[PDB]
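Per chain, numbering begins at 1; letters A, B, ... match sequence-line order.
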Amino acid sequence: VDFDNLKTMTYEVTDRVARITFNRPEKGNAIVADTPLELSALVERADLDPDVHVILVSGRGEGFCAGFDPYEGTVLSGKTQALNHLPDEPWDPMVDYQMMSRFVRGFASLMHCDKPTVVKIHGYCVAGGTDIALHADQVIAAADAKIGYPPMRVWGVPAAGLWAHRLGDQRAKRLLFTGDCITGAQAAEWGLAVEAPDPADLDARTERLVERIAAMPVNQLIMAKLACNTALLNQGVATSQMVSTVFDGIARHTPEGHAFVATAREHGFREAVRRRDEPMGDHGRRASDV
Amino acid sequence: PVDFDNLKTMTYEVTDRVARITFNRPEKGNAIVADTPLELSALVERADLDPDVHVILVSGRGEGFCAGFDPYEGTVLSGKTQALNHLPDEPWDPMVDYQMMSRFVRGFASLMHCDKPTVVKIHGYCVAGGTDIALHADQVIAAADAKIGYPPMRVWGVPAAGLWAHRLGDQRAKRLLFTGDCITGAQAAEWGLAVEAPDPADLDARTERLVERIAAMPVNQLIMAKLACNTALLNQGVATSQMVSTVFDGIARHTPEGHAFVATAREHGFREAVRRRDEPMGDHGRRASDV
């Protein structure tokens with residue numbers, strides 16, 4: 001990673017806030033190969049800077065993140081991975097796991113890093129976008145944001161494996177058994193988000209939150225996060241994550257997975273998504289009425 | 001950033017399906033320096049991504065495996081920030097220390113969390129910070145006469161990796177950590193710290209045999225076996241043991257006792273400081289602790 005030629009996001013430190021800001025708004029800040037690498041590198045940079053006390057992750061454009069979009073001679077090559085997605089030959093789930101687990105590993109830097117992480121969600125945080133967002137220590141969301149994992153319906157299982165740890169069993173299952181999304185307001189109500197300001201107030205309340213955190217000594221902040229993370233990680237997060245990443249690979253290789261891909265190839269991915277969600281009445285920015 | 005054409009602390013070679021990572025500071029007991037965890041972590045990742053590699057074999061050159069611990073400018077890891085944080089007569093900052101020592105342990109933990117099997121071969125000694133590395137490996141094979149343990153429990157460390165109780169169980173971990181005593185490789189096999197403990201003349205051959213039997217399996221099978229076994233391992237609270245133990249190691253280095261050890265090492269050299277620590281306990285150098 002080259003801090004002078006970042007491809008997917010920007011880095012800027014203002015006062016004590018390290019702002020990591022997705023920079024592909026034309027693509028909904030969709031996750032590409034470089035996203036986890038840049039995210040993890042920038043988080044480490046922030047961790048090591050004694051003038052940084054808090055990391056604020058956000059996206060440009062209409063929403064936080066819409067989800068998923070030098071490796072030659074590795075298991076991660078484009079050729080190896082595309083061969084592993086052919087339907088009419090046995091695939092290798094561990095070749096898939098080596099690829100997908102490294103996305104998740106990059107995203108997990110927001111959980112495991114020394115310093116506090118805040119994610120600001122506006123608009124949408126769906127599918128892969130939640131594999132990032134749910135790792136953050138604090139999530140603040142616009143009241144009218146759309147948040148969930150629609151590809152439970154076809155083509156994914158949340159690789160991060162964090163829904164049960166963030167929502168509890170009942171509410172995680174409510175979303176993962178349907179692919180339904182909740183509003184930012186409901187995310188606050190269910191405790192997925194710490195607050196849900198009206199969209200006109202989101203930036204102001206977000207800046208207030210990070211300022212308050214940033215006013216604290218780094219040593220205190222690091223200790224609080226270490227203390228709290230002993231309880232979080234003791235819930236079996238590592239296991240939830242591993243098995244969910246395997247499951248996501250499975251979702252991308254079932255008959256249902258391949259039929260979705262074939263639809264995306266014929267009509268484009270946006271239209272494949274519309275046809276997935278339309279029978280459920282929550283296509284686009286429509287609410288799921290949870 | 002690690003340069004595979006200019007490695008500082010260790011070497012890398014793939015022979016058939018075995019990625020050999022071999023420590024390369026033989027006359028300093030392969031002592032751990034800043035680049036050690038960076039190189040180990042990068043080379044383990046490279047092995048993981050190479051479809052021609054099935055197993056990773058870590059060993060050290062010289063008389064023993066590892067004797068333990070020996071671009072950051074403007075970071076919490078700078079030489080100046082860390083040196084300042086070790087002054088005795090001012091308040092120190094345990095989180096400045098944690099940021100440093102946790103990143104050593106993170107590099108070492110790549111042997112545990114990587115996709116593929118890891119094997120550590122111990123000859124001679126694996127003591128102190130050496131064990132922070134070794135105990136992360138999936139398989140440990142040791143010369144019957146090797147010396148294995150954490151002598152700085154006596155003064156100046158607490159095992160930052162935090163793995164002793166996970167690898168030995170409560171009673172045998174406490175037996176070594178309440179004393180700083182070392183066990184032989186033979187005892188390590190009996191206690192299940194090592195999977196076998198060949199005579200030193202047979203160590204290399206038995207090691208090669210073990211890694212070849214592992215390498216004869218498909219990569220997909222191996223990765224699944226490791227993932228399955230690690231769910232139980234990690235469910236023991238390894239992450240918490242490692243975090244609290246890394247905090248405790250910082251403390252050990254900043255107590256009156258820790259400062260007195262460093263003052264002796266600074267005045268007379270580390271070797272003499274170790275002499276004074278271990279000779280009263282009858283186990284200085286390659287002597288056994290008679291556990």
Side-chain angles (χ1 to χ4, degrees), chain A residues 1-2 41 44-52 70-71 73-77 80 84 90-99 101-102 105 108 111-115 217-227 229-243 245-246, chain B residues 1 45-53 71-72 74-78 81 85 91-100 102-103 106 109-110 112-116 218-228 230-244 246-247:
Chain A
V1 167
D2 181 354
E44 176 76 351
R45 185 179 176 186
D47 259 0
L48 287 185
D49 187 343
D51 295 324
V52 173
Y71 293 143
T74 79
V75 69
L76 299 185
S77 73
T80 292
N84 203 41
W91 65 289
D92 189 316
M94 290 306 107
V95 164
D96 195 272
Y97 173 85
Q98 290 201 279
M99 174 278 298
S101 69
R102 295 173 158 71
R105 181 180 75 182
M111 178 172 286
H112 297 298
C113 62
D114 304 331
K115 294 176 189 169
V218 165
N219 49 211
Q220 293 296 105
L221 293 172
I222 293 173
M223 281 188 288
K225 179 164 187 169
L226 293 173
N229 279 3
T230 65
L232 176 63
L233 300 182
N234 190 242
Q235 298 189 354
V237 167
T239 289
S240 296
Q241 193 150 94
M242 182 280 285
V243 73
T245 291
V246 174
Chain B
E45 179 72 353
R46 189 188 180 183
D48 257 4
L49 294 184
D50 183 346
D52 295 325
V53 169
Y72 289 159
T75 77
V76 64
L77 305 185
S78 68
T81 301
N85 206 44
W92 65 289
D93 188 318
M95 293 302 107
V96 165
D97 195 90
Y98 172 88
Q99 287 202 280
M100 178 275 301
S102 67
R103 290 176 162 74
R106 185 174 72 186
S110 74
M112 177 176 287
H113 296 294
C114 60
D115 303 330
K116 297 174 183 173
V219 166
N220 54 209
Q221 294 291 114
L222 291 169
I223 293 174
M224 288 190 284
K226 178 166 187 169
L227 291 178
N230 278 2
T231 65
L233 181 57
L234 299 181
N235 197 70
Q236 300 186 355
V238 164
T240 287
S241 301
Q242 192 151 91
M243 182 282 281
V244 314
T246 294
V247 176

> Residues in side chain to side chain donor-acceptor pair (under 3.5 Å) with A:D96, at least two apart?
Replying inline: A:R252
> Taking all atoms of both residues into account, what is the closest heavy-atom pair of B:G74 and A:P50, and its distance?
Replying inline: O-CD, 3.4 Å
> Do you know which of B:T231, B:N235, B:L227 has the most heavy-atom pairs with chain A at a distance under 4.5 angstrom?
Replying inline: B:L227
>> Heavy-atom cut-off 4.5 Å, strictly under: side chain, backbone, both or neither for A:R105 against chain B?
In response: side chain
>> Please give me the minimum heavy-atom distance between B:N220 and A:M94, naming the atom from each residue.
In response: O-CG, 3.5 Å
> B:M224 versus chain A, heavy atoms under 4.5 Å apart: side chain, backbone, both or neither?
Replying inline: both
> Looking at residues at least two apart in the chain, or sitting in another chain, which of them share a salt bridge (charged side-chain N to carboxylate O under 4.0 Å, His left out) with B:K116?
Replying inline: none
>> For a 4.5 angstrom cut-off between non-hydrogen side-chain atoms, does A:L76 reach B:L49?
In response: yes
>> Do B:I223 and A:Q98 make a side-chain contact, defined as non-hydrogen atoms from C-beta onward lying under 4.5 Å apart?
In response: yes
> Tell me, side chain or backbone of B:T240 under 4.5 Å from chain A's heavy atoms, or both, or neither?
Replying inline: side chain
> Of all heavy-atom pairs between B:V76 and A:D47, which one has the smallest distance, and what is that distance?
Replying inline: CG1-O, 4.4 Å
> So, for A:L233 and B:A239, which heavy atoms are closest and what is the spacing to 0.1 Å?
Replying inline: CD1-CB, 4.3 Å
> Just wondering, do B:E45 and A:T74 contact through their side chains at under 4.5 Å, heavy atoms?
Replying inline: no
>> I need the minimum non-hydrogen distance between A:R102 and B:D115, along with the two atoms involved.
In response: NH1-OD2, 2.8 Å
